[PDB]
Structure formats: C-alpha cells, structure tokens
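Alright, two takes on the same chain below, each alone as structure tokens: structure 1 and structure 2.
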Structure 1
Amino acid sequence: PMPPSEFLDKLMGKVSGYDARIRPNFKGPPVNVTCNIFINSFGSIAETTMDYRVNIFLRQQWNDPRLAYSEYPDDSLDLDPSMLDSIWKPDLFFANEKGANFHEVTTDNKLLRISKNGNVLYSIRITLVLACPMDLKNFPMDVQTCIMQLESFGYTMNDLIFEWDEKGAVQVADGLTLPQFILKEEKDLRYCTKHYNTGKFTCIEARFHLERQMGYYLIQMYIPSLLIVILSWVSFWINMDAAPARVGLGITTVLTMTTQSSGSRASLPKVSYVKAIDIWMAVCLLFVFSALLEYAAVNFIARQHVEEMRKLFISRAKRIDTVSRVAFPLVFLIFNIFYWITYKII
C-alpha cells in the first residue's frame, strides 16, 4: 500500500507545516543551489540583432530538509508537473533573456524527483534567445565569446547561492554542429555577482567560444576579389600602348569591385569601426583603380610628344607598361603576405 502521490500529499500538504512560500533552512545558512545545463540545440546566431538561440535542459539541485522522508521504502519519489507549484523552487532567471518560453507539448516538460535525505532534482526545458555583444574587428577570423548568466531575482546572497557542479557543468549533445561556427570544447565558468541598490544577488555564468568557419568567406568574397585583380592585369597586354578598350577594362573592374565591396556588408550590423573584410575590399579597390590611373598616365605621356624626339616619348610610354606589368604582382603579393600574418596569428 501507501502510493507515492498519496504519501507525498501528506509530506507537503496542510499537515506537517510545509509552506511553499518559505525557503529551506530559514533564519539560517543560505540555500546552495547547484546547476548544470544540457544544450540540445544551438545556433541561429544573428548579427543585426546580436543574439543567439539556445535550447537547454536546466537542471537544479538543492536540499530541502522538510522533504526528508524516512519510513517510505523507496529512494526517490518523482513528482509530475500537476503538483509542481506546491514545493519551494529557486527563482532563477537569465540576465539576458530577450524573450524566452517553456515547452508544453503533450505534458509540461518538467522533471522533479525527491531523494530520501532531501536532495531535490529539478530539470526543465527552456528555449532562450540570449544576447551577446559582437566584437567584429577582424570579422571573418574572429573568435566570439557569447555568454549566458543565471541570476536570482528575489533572494539576495545571504539567502540563496548559485554554484556550478564539478561533474561536467555544461554538457553538449552528441551531433550538435553549427552552419557557420564551431563550438570550442573549453568552456569558462566564473562568477558574475551583481550589486544593485536593492542588494547583492547571486550569479553564475558560462562562456562559449565561437570560432567562425573561414571556408565560406574564402569562396564568395576572397576569390572573386582576387580574380578581379587578375582581370585588371589584362589591360597591360591589350594593344601595349593605347586602346579604347583599356579604359573599358579600367572602368568596369571598379564598378563590380564597388558592388562587391558594398555587397559584402549586406547582412551586417552598422558598426562604427573598420573590419577585416573592409581592408581586403578597400585595398583591392586600389589595385583595380591604379590600373586605370596608369593608362591615364600612359595616354598623357604617349600623346604628348621630330626624329630624335620620336625615340624619346615612345620608349618612355613603353617603360611604364613593361615595368608596372611586373611591379603590381610584387605590390599585391607583398600585401597578401602582410594581410594574413596579421590576422591568422591573432
């Protein structure tokens, strides 16, 4: 006899003086709530909004001496979420929620079991859209650090303390991959204790290091910006002194270079500073604009101008072509060395 749901209504009901509005160990030491999470889903990391969506299993463990049964033979008593509002629960929240919700499909997704000595496991499923500030100084090569922090709202430090457990405080699902990022295995765990004019409130947080996948931006933004500089080096071969087509190749490789420089920031926040994709576009814009300034310098030296003088201004307008045909694969190559050593090391 003695089923658990009838027995546990005796443990927390009208008799035995249990009050769900009062924390355990009242007028004594604070409640030590230890926590760990299990990340089911991760991603949709937007940058116009600067937020990310996570789907976690928030597990909470504390001790409640009023729920310590002694004569019931089992070791754990589950509690379905119909009677979930009948015991004490910590008032945990996230300091960067930006909208969140539970999951209530076919049953309230809430887990609650009570051990013999009073250890209470409390596991719920939460979908969060957490805010993290994006630092985009070196944009295709940055390592973002987006955090999540777990505060108390109504209980101060002298009544309720949050801790991480030592046995794997952040678990990650097995095949959890990201379309644009990779989640590094080392996850920092530190304190974030807040001081308001109301009091000091407990806080624990977990950093997540997000490294980008450079392989996408190496296809769309780097190679067509490297192919268009080779396209601007075709103008050094067309008719070798003067043409109406070297102007047509000098203009047109600045046009789509301006479009690709403007199209590279189509889905980005309007940040105040210069980033890594800017000084790849705004330096390769010089290598396609100096190729048209050269033909403007050739067509002014060649068409300026006797017998002796004919040997002068023709050998001077050919010296501009056959030297800058090789000098631009030296200036563009010495920048391409300097660009990647600056950013791949950082």
Structure 2
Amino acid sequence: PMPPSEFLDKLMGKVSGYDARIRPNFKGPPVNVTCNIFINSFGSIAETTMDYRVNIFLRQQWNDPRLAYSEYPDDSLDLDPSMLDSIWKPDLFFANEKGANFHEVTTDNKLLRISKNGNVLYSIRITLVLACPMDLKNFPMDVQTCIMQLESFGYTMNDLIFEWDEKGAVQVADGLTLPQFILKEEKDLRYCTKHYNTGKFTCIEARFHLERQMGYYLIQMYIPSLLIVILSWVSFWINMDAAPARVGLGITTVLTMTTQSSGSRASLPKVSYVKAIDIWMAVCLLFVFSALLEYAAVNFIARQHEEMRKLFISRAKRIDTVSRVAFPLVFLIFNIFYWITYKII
C-alpha cells in the first residue's frame, strides 16, 4: 500500500482539518494525560545553589480521536521527530526547572507513536537542574526531601489533567550512586493543584527522600574531636607542681582543637546558621577551655599559703580529684543529650 510517513501527511495535512493548535475533545471533557518518568542520572546535589540535576525519560500518554485510523493495516505508527510540530502536545513544564534543555545528539531524542484507536505515546529526554530548598539545621543527621512537580502552563483544570499511571510511575536506573546522600526506594506520589489569579492549573509531583551518609563525619570530625577532649583530661593525673607540664598541655590541646575546627570548616557547607556539627565543635572547645581554668584555680589556691599553709594544698587536691571525675561525667551527659536529640528529630 502506502508508506507510513506518507500516511501521516495525509492524516495531518491541509486536508482533514487537523489543526495542531487545538486540543482534542475541544469544548468538552478535559484531556487525561497520564505520565511516568524514568531517572537515568541523579546527582550533584548542591547546597549553595540549592539544586540537583536529573536526567529523565518523560513519557506522556493521552487520547486524540482525530488521529484514529482504520485503513492502514499495522497497529502502531510512528512520526519522525522532524515532523513533530503537527501534533497537539501538552504544555507540560516543571514548576521548579531553574534551567533545562533537550538532547539532540545524532537525532532529536524524541519519540512519538500513534496507536490505532487514537492513543498517543510521547517520550522525550530532558536534563533538568531542578531546585529543592534544603534545611541544614542538623547537618550530619538530616533527611532531605527534594520534590519534582509537573504543572501545566496554558490549559486550566477543566481542559487538561495530569495523572501518574497506576503501574510504576517513577522508576530509577539500577547502577546509580551518590557522593554524599543515599536515595531511598520510597517515592511519594501526590497532587498539588496550583491556584493563581488566572485559574486552576493541574500539577502532579513526586517526592524523593535523601538520607545523608555518616561515616566520613564520624571518622574525620567527631572521633578526632573526641580524642582531643580525652587528652585534655590527662592534666588531672599529672602532678600539681609540674607547672610547665600543665599549661603546656592545656593550651596545645586548645590549639589542636582549633586546628581541627578551622581545618574542617572548608569541607563543611557555607550556610550562615548553626548546624549540628557546629555545636559539637563549639562545646568540645569549652571542655578544653574549662580544663585550663581549673588549673588557673588550682595553681592560684596553692599559691596563697603552720597548718593553715597545708590547708590550701588540701583544698587544691580536693578540686583536682573532683574535676578528675566530674569532667568525664559532665561530658558524658552532653554526649547523651546530643545524640538523643538528633536521633529524635
């Protein structure tokens, strides 16, 4: 008979009145576009720009009764992407694009299949730079939720309706990792139905749960800031009269706590509000700070100076055995009131 590329020019040409600027079922029921995506790549979750990029296969299915045919024998036709301007396509856009583009390598990466009863499959390949606001109040112990919503732009709710299909709405490719986060296998699928002063515009969204890994911040930032506080408690076991040994220990410890803190503020993000890791590196500074000011109290009582001269040594050794036990206990109370309050949020 006649080839499919010439059959579609007969179906959508100047004859048959198919105007590509008019939706199907015009002045009637709204077009029911069903959508499902397929994530190929997912990463570079920035926290200064607060965005993340994704590389999807956006599939769209709707019904168009003007494209139904019965003369041609085979079931599923296909339109070349160069002739794609002669099809009513839904004006889908992402409500938080923040920049995006298509792919045009060796062929426009666009697919169109017109079925026999009028069903139309439309699959394209988009690289998105989608934006999600991130809340870094508890920085190592956080669970991020970055949304992905698909509004309509020009058609209102009574003309065009988006829906996720009932069989695998959001898939993820198998071999896909992240440098910091992990992607949970729990995709929430819900409506949003945006309102304006213009009208009710449809939208569907898919939420992704991003859990941050921990093992770098414990090994490099919590454990070295733990051992420096333990070294600051060695001063309680060294003799009281060894005066160059005590202040040489108490201040080289607050120097290696400052070096550990300042050396790791470049690896941390640059938000301007107090994190979880920022509290830990400011309270572990206090336990090294409060372990010299006891020696400012120990060496001053012993220097006051008959049994009255022996009483001041008897009080300086009293405060050297209280704080020998109190500082490994007050730091343990903080070590409980820090992890419990961040495993509960």
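Superpose the two forms; the largest set of C-alphas matching within 1.5 Å is the rigid core. Quick note, the numbers are simply positions in structure 1, starting from 1.
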Taken from the structure described, the form whose entry title says "open state" is structure 1
If you fit the rigid core and then compare C-alpha positions between the two structures, only one of 155, 233, 88, 122 moves by 2 Å or more. Name it.
233
Does superposing the core leave residue 197 with a CA shift of 2 Å or more between the two structures?
no
Taking the rigid core as the reference frame, is the Cα of residue 105 displaced by 2 Å or more between the two structures?
no
Taking the rigid core as the reference frame, tell me whether residue 315 has a CA displacement of 2 angstroms or more between the two structures.
yes
After superposition on the rigid core, what is the displacement of the C-alpha atom of residue 174 between the two structures, in Å?
1.1
State the core-superposed CA shift for residue 242 between the two structures, in Å to one decimal.
3.4
Core superposed, what is the CA shift for residue 68 between the two structures, in angstrom?
0.6
